[PDB]
């Protein structure tokens, strides 16, 4: 079963319940290491929909209909009883990408990339290939997903 609901123009409605999908990894780009203004502030927690996770464990490929959500959160502090580093604060927003060879036949890898103005928006804004796919195409380890940073995906694909 596909996990992305759409409008008529194949625009992605804001995903709901993605926090109960399969988490695949977290990174952090703090503002203070990026001239006080990270591109994606700051923590990033990333999820893949459960059906696509199932298909990934079998094939090590992203099926048609894969949805991946990147959730941004703030750095809430830099020191805790466990030591120094970065610790998350409040949610900041989300980004998403959807793979569909039928609805997006001419985008790189048949991926559409979406931004969201706020948590209350009812739908995403599809982006031009220049804005997001170009960087993913140029540097992602596998099929435009930065799986070099998702150890859940790497450990979970078939041997």
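Residue numbers count along the first chain shown, from 1.
Q: Once you work out the mean C-alpha B-factor for both 11-19 and 146-154 from the entry, which is higher?
A: 11-19 has the higher mean C-alpha B-factor.
Q: Between 65-73 and 119-127, which has the higher average C-alpha B-factor in the PDB entry?
A: That would be 119-127.
Q: Would you please rank residue 40 by its C-alpha temperature factor against the other modelled residues of its chain and give the third it falls in: lowest, middle or highest?
A: It belongs to the lowest third of the chain when residues are ordered by C-alpha B-factor.
Q: Per the entry's values, where does residue 100 land by CA temperature factor relative to the rest of its chain, in the lowest, middle or highest third?
A: Its C-alpha B-factor belongs to the highest third of this chain's values.
Q: Please rank the C-alpha B-factors of the chain's modelled residues and tell me whether residue 27 sits in the lowest, middle or highest third.
A: As the PDB entry reports it, the C-alpha B-factor of residue 27 lands in the lowest third of its chain.
Q: Taking the entry's C-alpha B-factors for this chain, is residue 59 in the lowest, middle or highest third?
A: Within its chain, residue 59 is a highest-third residue by C-alpha B-factor, going by the deposited values.
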